[PDB]
Amino acid sequence: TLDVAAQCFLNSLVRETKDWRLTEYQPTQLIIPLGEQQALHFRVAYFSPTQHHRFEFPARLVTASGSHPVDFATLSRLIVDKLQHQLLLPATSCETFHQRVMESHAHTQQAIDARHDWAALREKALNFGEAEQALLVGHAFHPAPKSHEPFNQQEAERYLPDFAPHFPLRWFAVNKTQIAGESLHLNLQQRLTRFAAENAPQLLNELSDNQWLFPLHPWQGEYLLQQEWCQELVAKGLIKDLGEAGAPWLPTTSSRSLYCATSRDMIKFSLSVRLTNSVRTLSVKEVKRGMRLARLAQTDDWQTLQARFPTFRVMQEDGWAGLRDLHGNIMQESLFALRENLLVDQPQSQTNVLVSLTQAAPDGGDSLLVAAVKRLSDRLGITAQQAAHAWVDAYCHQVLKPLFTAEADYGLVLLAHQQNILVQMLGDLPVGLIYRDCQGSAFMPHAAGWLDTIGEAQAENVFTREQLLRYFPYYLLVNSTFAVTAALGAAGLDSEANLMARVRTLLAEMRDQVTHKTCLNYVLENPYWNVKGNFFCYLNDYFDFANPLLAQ
Amino acid sequence: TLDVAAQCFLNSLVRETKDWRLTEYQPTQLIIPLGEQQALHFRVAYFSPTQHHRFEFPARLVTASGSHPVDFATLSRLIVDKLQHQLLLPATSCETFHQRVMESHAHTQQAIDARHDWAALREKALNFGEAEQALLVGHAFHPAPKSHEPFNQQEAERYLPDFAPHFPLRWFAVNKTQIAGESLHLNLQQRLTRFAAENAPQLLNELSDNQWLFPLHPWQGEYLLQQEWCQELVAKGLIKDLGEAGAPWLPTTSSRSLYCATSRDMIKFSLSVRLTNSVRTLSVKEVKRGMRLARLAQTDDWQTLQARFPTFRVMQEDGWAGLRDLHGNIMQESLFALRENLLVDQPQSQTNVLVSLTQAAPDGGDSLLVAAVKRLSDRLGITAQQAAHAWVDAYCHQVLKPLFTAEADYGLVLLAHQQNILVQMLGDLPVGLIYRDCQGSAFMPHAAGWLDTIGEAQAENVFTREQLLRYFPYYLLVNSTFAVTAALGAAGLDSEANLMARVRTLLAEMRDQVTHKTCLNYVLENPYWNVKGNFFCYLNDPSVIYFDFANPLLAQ
Amino acid sequence: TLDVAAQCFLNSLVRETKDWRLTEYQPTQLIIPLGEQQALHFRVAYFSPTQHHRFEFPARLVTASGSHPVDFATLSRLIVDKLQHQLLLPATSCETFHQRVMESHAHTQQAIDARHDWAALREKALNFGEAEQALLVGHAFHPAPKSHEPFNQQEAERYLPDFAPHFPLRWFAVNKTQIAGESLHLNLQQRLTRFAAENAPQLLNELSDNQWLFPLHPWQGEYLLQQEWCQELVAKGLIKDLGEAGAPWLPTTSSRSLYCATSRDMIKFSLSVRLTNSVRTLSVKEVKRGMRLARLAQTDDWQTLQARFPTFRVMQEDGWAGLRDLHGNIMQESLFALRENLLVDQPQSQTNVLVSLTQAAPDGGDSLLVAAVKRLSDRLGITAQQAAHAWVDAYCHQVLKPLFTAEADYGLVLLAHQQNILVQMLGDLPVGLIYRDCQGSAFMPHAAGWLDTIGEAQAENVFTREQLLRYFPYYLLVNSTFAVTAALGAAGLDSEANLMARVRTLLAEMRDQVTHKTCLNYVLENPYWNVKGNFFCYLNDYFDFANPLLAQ
Ligand SMILES: Nc1ncnc2c1ncn2[C@@H]1O[C@H](COP(=O)(O)OP(=O)(O)OP(=O)(O)O)[C@@H](O)[C@H]1O
Ligand SMILES: Nc1ncnc2c1ncn2[C@@H]1O[C@H](COP(=O)(O)OP(=O)(O)OP(=O)(O)O)[C@@H](O)[C@H]1O
Ligand SMILES: Nc1ncnc2c1ncn2[C@@H]1O[C@H](COP(=O)(O)OP(=O)(O)OP(=O)(O)O)[C@@H](O)[C@H]1O
Ligand SMILES: [Mg+2]
Ligand SMILES: [Mg+2]
Ligand SMILES: [Mg+2]
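Residues numbered from 1 in each chain as written, not as in the entry; some residues may be left out. Chains lettered and ligands numbered in written order. Part of a larger assembly, values for the part shown. Heavy atoms only, no water. Residues with missing side-chain atoms left out of burial classes, pairs and counts.

### Observations concerning the site of ligand 1
All names here are of chain A. To keep it simple, the criterion reads: Here a residue is considered near a molecule or strand provided that any single heavy atom belonging to it is located within 4 Å of it. Pairing of N or O atoms within 3.5 Å defines a polar contact, subject to two protein rules: one partner must be a possible hydrogen donor and the other a possible acceptor, and residues neighboring in sequence count only if both atoms are side-chain atoms. Calculation of accessible area relied on Shrake-Rupley with a 1.4 Å probe; when residues are assessed, cover is drawn exclusively from the protein chains displayed. All amino acids are sorted into three groups, where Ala, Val, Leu, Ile, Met, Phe, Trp, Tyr, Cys and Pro are nonpolar, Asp, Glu, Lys and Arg are charged, and the leftover types, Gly among them, are polar.
Around ligand 1, the structure places 19 residues, and the nearest of them are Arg256, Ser257, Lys268, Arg280 and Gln439. Within the side chain of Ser257, one N or O atom sits 2.4 Å away from an oxygen atom of ligand 1. The contact in question runs from an oxygen atom of ligand 1 to an N or O atom on the side chain of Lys268, over 2.3 Å. Starting from 630 Å² of accessible surface for ligand 1 in isolation, the protein chains cover 93%. Across the shell around ligand 1, the residue classes break down as 3 nonpolar, 11 polar and 5 charged.

Quick look at the structure:
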């Protein structure tokens, strides 16, 4: 009756198309014409003004003769055929698209079947690791959010968060000639030594002045070792495989970022896998973004920002390393970034990634957000609606405020979608924010003088005003705030319209306080936002979105 | 050199008198004239515009063509003698006052010598229980904050928090015909069942339809049991003494209130002991106030208030019980009230009573507040002054905001001591408030329509305007907020003057958002605050009992 | 290649028959003749003198015409067809037998597939709850150890240990007139009061002098509510259904017994479900046995026993309750027994039920027992064989000594198979015993004087010498000790023969210390043991066994 994987495909499509209808009569049905006098009739259980819809399955294909049910595989192929014919697309690109969609759908079902614990997650507050592996639906507005090529099923069970696995890292003993890297506070030799001593102490027999301990992802590790350039190093004895060892690491929502509860650092690997339309290798350019922001976090003006927003943290990526071939070429498939584990002293703190809270429950029950809101209602003795309002209000103050204000007053841009936002909670109420993913950092023109303080003002990741107004509202509101409000709306705690009214009101107060009102004005006043459409972007290996926050 | 006990006697005095002077020369000294061409000279290490002074000892007697040092016992006797002449005081009350001040001074020194763990508390964030037993100085502006009467040494070691003790409760099996009480959600029979079950399960072999388990304070219980009316019940078989049993309980800052980390309920006993000019027995009257507030907490307007401030909690005292004699008369010395333990599900949270944090270190080191702020600074990588400002700003938003708004918008008066304020912290930053002691709850006239909804419009704890303006700014700014700013000022993180400017700014923002501006107007604009002193109140078990306090928040 | 469910069926068969043979030539194959020049050949991977075999699959059916592979569904039909005519087995009975064998085989594979966390159990010492849900194979010598009629697949996932579920209890508020029961230390009213106050505190609003809180199994409670007699109680106002509430409970290896870490009591329910040829309802007679032993556990001679074996405890079932119909008749289907939770103060102790340790790994890897012995080896820096020896010797001293001695010196009989034996470990070495299930408690004639001290010398569960010698060695050696020695043997730590020699040598030393040597003499000297045919027993809704503990 329900299929959260199919809903992704359909909500992604409905958001990015103007061609679909609603029936005047009840029960309401959404209609996607296929042309040639036939159309798909979806029964609507919940209609969302932000297109967080929920359809009651199976769908029905309507014909001249009559009507008949169709499975997802069928209705999806009829849609890709339609788009191929009306929009005149290539054939080889449309079939590969449909194949990848079906793989994802199928992979989402296996993970649902495998995870019998998921429902029990509603029962109490989740820690960091629990939330990082609770996301089974994936990207709610991507057609194929769970494609993981080239991984097989055995590899997808060990190396993806979906099956809640854990594993020790792989380790090499590498000569320092063949180690490139960079790190703050501790030099590179000192990070690697600390990181090794706290995770795989028994390998410290291999540690010397020249021969350092190098961590690798177990899949990449085996994938790198076979390569000739790496095998050449083994021949010269500049690399020595130590195998797997040490503490348990669990893949996070991004799969390539790993978490260990006792390690002062998390580790983000260059991982040769396609995950929603991008191979997840790292570049030297990318890791220097993190190093850039990490150094900027030492300045006085950062000190001032942090003082003003003490409940707001950024998990700095202040270290990285990678292997050099025999020529000295940094092999980017061996790179990794080291990310501050700000939860190391509090591994049971209710700090959750937002995307896991807002995803629709695969069993059609409460979302993990709604669970938390319901606990908050019970604990405080207030109505579920009142608990919905308070949660939403605190979310604005704790999450949105520092993020808009970081741009407006300091020119710092943090592109914070659901998977980058960690909601620090205490008793299911947001009391802070931790931002993650420093590749999502950028700088406005009015941060240039501040960047000069570290010599970076010619930074690669500098945005123009037009770049800001494109990305920033989509990530923070469309791809964040409206999932919060939609999830609460789908559960019936309050209408999305009324909840977005609370968001609007608080964004207005926020505007009054900041210096550069450019962005908040665009958000609060401009009729149409740029929104990145994954449905047609993924089909090829941008649209205007009606702004709901305008004054009515 | 250091005496935090003497500083209480002296600072309390300096606040309630205008008969003292500073030296135009340095090192600066504070002078208290004794008349007859003699005076006491105190070396001032820190001068506070909120009278949180730090004197360097010994003092010095300035007399005849010369002086000499005087111990605390001497200078205090001299000052009490001065007061006996000035106010024509009965000699019996003077000597009772002085002996009590020495008792407190001595008891404090004992505790300080007994608590070698105290300095180590600076090392990390405190849990609720740790903070509740970390107060060794007591009331900072009371002359005898550690008077224990009639506790002996052994009794003070076990039943006060100072030595960080714990003990299981005493228990009576009592016929329901001799149990008077009340409870919400669960009836009285059901509370005592739950409470007895989760605290002393092994006594459930004495639980029946008619015979209920009844908890007692080990010291009160031994006293009540030696009474005539109680033994009538033992002879009648309506009371059986089961002795001590069950989980460990910690006396908190108030001594009569106990804490058990695994207990869903705290318990606040009627305790026949004198602590800062009040016998600590309960009355049916006072325990009804808790019920009144608890029943009011089920209303939709409370619900509305709670929604507006989700991080603000009140620990509801929604249950109480006591013993009645054979004639059915409630014996107030047996009373207790049950308080919600909102920390039962996280006993290791950084929820601390404010008074323990602000308290000046007995060893002269960092106060526990300064230890926190310093951790806040190091974690966030910000300056100690930036951490101090951040902590103070969050204190205003998390503590002062809900309390001033509850009175203004809803008419609810919560008289928040430094001891009734639990600061819910997360990473050494205030992120919420938990208020304790419902005996200090009162209602303004404009709460009347709301009290009607539960039929308590004629509540005894109703306050006039003048009552509010006297009490509320004393408890919540003088005996609370200024202790925060003073602690940080004394540590040299920023001047009290500057920190009090921050509070004013935020208090002024708030006034613009409330309905009844009556209270915040007074705070910000009334030149003087007329309140009640502890030093001359304690000396007398009316122009002196209450004194005018120069407002430091006036735009100057 | 590996099928642990099929191995239960086949080993159970080979143990209870003398019609099969072994091929001299290598690779060795076990042959089960079907007659008519037709037979099944099983490639043996491990031959066990205690019939804990491991066959390599698929099996191969051999005729004069040739050989071809056969799957488990086939070879099991062929074997039942054989047995059907060889025993003149009724056709309708045999069809039901094989249907339950395929159901068991199927449900097992579903559980293996569902439990992706099982392999990870090898990594560290298990706690009690983890072990209680680690048994996915079931009884290793029952033909259908995972048949759970009438449970459907949804009901199995929630109410059997197999999917590691947990849930809150169902609760009725019941007039004390309709409550039957008994308890020690606390009376019945007081136990139920305590049991409710620590497990479902929020239901205490319903508690009163006349209306008592009454716990139910979530399945059994619904099954009960629908019956006519219970409806009458609801109509009369004698019962009020409070629904589900309270702390989490996890079903143990027995399913009808539930475990809550925070509760001083475990609860054993009358459960109308068939688990290995026995519907799991309780009877009044059966819960008297627990009360009887509990009262006997308060005597001075029990004291004398306990002081001699301080590491040995029994989990006393010192309470029970049940509903009565309107006529005062105790309803057998509503019964439950309360059991001491002796682990309530150390929930993370390495106290594991033996059966989950000995069980063959579904994925063919190390057993959870061998996982421990290897930890023990690595910790002490001794050889795996030495650790195996130490573990076995420690098993004999901590488990076998107190149990034999209890019969010999006191006349107390505890029928301790693997599932009643909780091995108390410290650093993967046994250091104690906790016995469970007082239904398997009995008494010898020389215990009669001790029984007279509580007036229970007339007990129903008194054994004859013959009853003792039949049951005791099977449960306590065949279905306990030999699974340990066979798991260590199959792992290649040492031969079963050498490990069984260690057991004999210690049993010999034991016999010299006890007064009544009857039992140990029968174990050490009698050429044959009586043993249960769970196979032909299950076929029909026992047999002699060669003693390996003989001196040779
Ligand atoms: N709503 C969402 N928005 C963005 N990403 C999502 C969403 N839902 C799921 N995801 C998943 O999260 C990942 C986001 O990738 P992104 O590049 O932001 O992180 P990363 O750099 O790979 O890892 P990290 O965040 O640890 O640095 C994708 O792989 C995507 O499948
Ligand atoms: N700064 C302070 N202000 C007020 N009281 C203080 C202070 N420091 C310590 N105390 C102690 O705390 C107690 C407060 O008395 P109060 O009547 O306000 O609370 P209570 O009702 O006794 O305690 P509870 O909070 O358990 O209800 C006094 O005994 C006093 O000695
Ligand atoms: N090797 C084994 N020996 C005995 N029982 C086993 C074995 N393996 C699994 N089991 C399971 O253990 C249960 C044994 O039943 P038994 O009557 O001894 O326990 P019970 O009385 O139902 O439960 P409890 O032990 O909780 O009192 C059966 O349900 C059976 O499926
Ligand atoms: Mg990311
Ligand atoms: Mg108080
Ligand atoms: Mg059993």
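### Some words on the coordination of the magnesium ion (ligand 6)
Residue and element names in this part refer to chain C. Keep this limit in mind: Only nitrogen, oxygen and sulfur atoms qualify as donors, provided they sit within 2.8 Å of the metal or within 3.2 Å for Na, K and Ca; with water excluded from the atoms, sites may seem incomplete. A four-donor site is called tetrahedral if each angle lies between 85 and 135 degrees; a four-donor site is square planar, and a six-donor site octahedral, when trans pairs exceed 155 degrees and the remaining angles lie between 65 and 115; all other cases are labelled irregular.
Protein coordination at the magnesium ion (ligand 6): the donors are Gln419 (OE1), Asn420 (OD1) and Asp437 (OD), at 2.1 to 2.5 Å from the metal. The coordination sphere of the magnesium ion (ligand 6) comprises 6 donor atoms, whose angles at the metal cover 57 to 176 degrees; the geometry is irregular. Considered as a linear motif, the donors of the magnesium ion (ligand 6) on their single chain read Q-N-x16-D.

### Focus: the nonpolar core
Condition: The term nonpolar core refers to a set of buried residues drawn from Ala, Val, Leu, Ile, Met, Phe, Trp, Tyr and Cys, joined through side-chain atoms within 4.5 Å. For every residue, the accessible area obtained with a 1.4 Å probe (protein chains only) is divided by the maximum for its type, and the residue is called buried under 20%, exposed over 50%, and partly exposed between those limits. Strands are runs of DSSP state E lasting at least two residues, helices are runs of H or I lasting at least four, and both sets are numbered from the N terminus onward. Any pair of residues with heavy atoms lying within 4.5 Å of one another is described as a contacting pair.
Membership of the largest hydrophobic core comes to 100 residues, with the highest contact counts inside it found for B:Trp391, B:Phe404, B:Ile421, B:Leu488, B:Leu507 and B:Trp529. When residues in this core are grouped by element, the largest group, 14 residues, is from helix α13 (residues 384–410) of chain B. Setting aside anything within four residues of it in sequence, one finds B:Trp529 in contact with B:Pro473, B:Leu477, B:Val478, B:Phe482, B:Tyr522, B:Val523, B:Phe547, B:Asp548, B:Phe549 and B:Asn551. Counting residues in each nonpolar core, the second largest holds 96 residues, with B:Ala156, B:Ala245, B:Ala321 and C:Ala247 among its members.

### Digging into the coordination of the magnesium ion (ligand 5)
The protein atoms that coordinate the magnesium ion (ligand 5) are B:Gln419 (OE1), B:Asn420 (OD1) and B:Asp437 (OD), at distances of 2.0 to 2.6 Å. One chain supplies every donor for the magnesium ion (ligand 5), spaced along it as Q-N-x16-D.

### Observations regarding the interface of chain C and chain B
Defined as follows: Note on definitions: buried area is the accessible-area loss of two parts on being combined, 1.4 Å probe, summed for both. Salt bridges are identified by distance alone: a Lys or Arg side-chain nitrogen within 4 Å of an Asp or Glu carboxyl oxygen.
Contacts between chain C and chain B engage 16 residues on the former and 15 residues on the latter. Note on chain C versus chain B: buried area summed over both sides is about 1,300 Å², and carbon and sulfur give 54% of it. Three residues, C:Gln190, C:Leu204 and C:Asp209, lead the burial of chain C against chain B; their summed loss comes to 35% of the area buried on that side. Summed over the shared surface of chain C and chain B, the number is 2 salt bridges. Residues C:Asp209 and B:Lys176 are paired through a salt bridge, measuring 3.8 Å at the closest nitrogen-oxygen approach.

### Here we look at the packing of helix α13 (residues 384–410) of chain C against helix α15 (residues 465–478) of chain C
All names here are of chain C. How we decide: Helix axes use the C-alpha atoms of the stretch in contact, all axes being lines fitted to C-alpha atoms, and the angles between their N-to-C directions lie in the range 0 to 180 degrees. For classification, angles of less than 35 degrees are called roughly parallel, those exceeding 145 degrees roughly antiparallel, those between 65 and 115 degrees roughly perpendicular, and all remaining angles oblique.
Contact geometry for α13 and α15: axes closest at 12 Å, N-to-C directions at 170 degrees. Relative to α15, the element α13 is oriented roughly antiparallel. Taking contact as the criterion, the partners of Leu400, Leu403, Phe404 and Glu407 in α13 are, on α15, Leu468, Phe472, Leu476 and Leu477. When grouped by side-chain class, the residues that make up the contact of α13 with α15 number 7 nonpolar, no polar and 1 charged.

### Comments concerning helix α7 (residues 218–225) of chain A
Within an α-helix, residues lying three or four positions from one another point in the same direction, as the helix has 3.6 residues per turn. Residue and element names in this part refer to chain A. Burial within α7 is extensive, with 6 of its 8 residues counted as buried. Every buried residue of α7 is listed here: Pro218, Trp219, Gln220, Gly221, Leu224 and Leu225. Turning to α7, the residues buried within the fold contact α5 (153–159), β6 (170–175), β8 (211–216), α8 (228–235), β9 (239–244) and β15 (330–340).

### Structural notes on the sheet that holds strand β15 (residues 319–323) of chain C
Hydrogen bonds between backbone groups are what pair the strands of a sheet, and the pairing can be parallel or antiparallel. All names here are of chain C. To be explicit about the condition: Pairing between strands is defined by DSSP: at least two bridges between them are needed.
Strand order across the open sheet formed by 8 strands is β7-β15-β16-β11-β10-β9-β6-β8, with antiparallel pairing between neighbours. Two strands in the sheet have a free side with no partner beyond their single neighbour: β7 (179–183) and β8 (211–216). Across the sheet, the axes of successive neighbouring strands diverge by a mean angle of 30 degrees, strand direction being ignored. Here β7 pairs with β15 via 5 bridges, running antiparallel. By the bridge assignment for β15, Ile179 is matched with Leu323.

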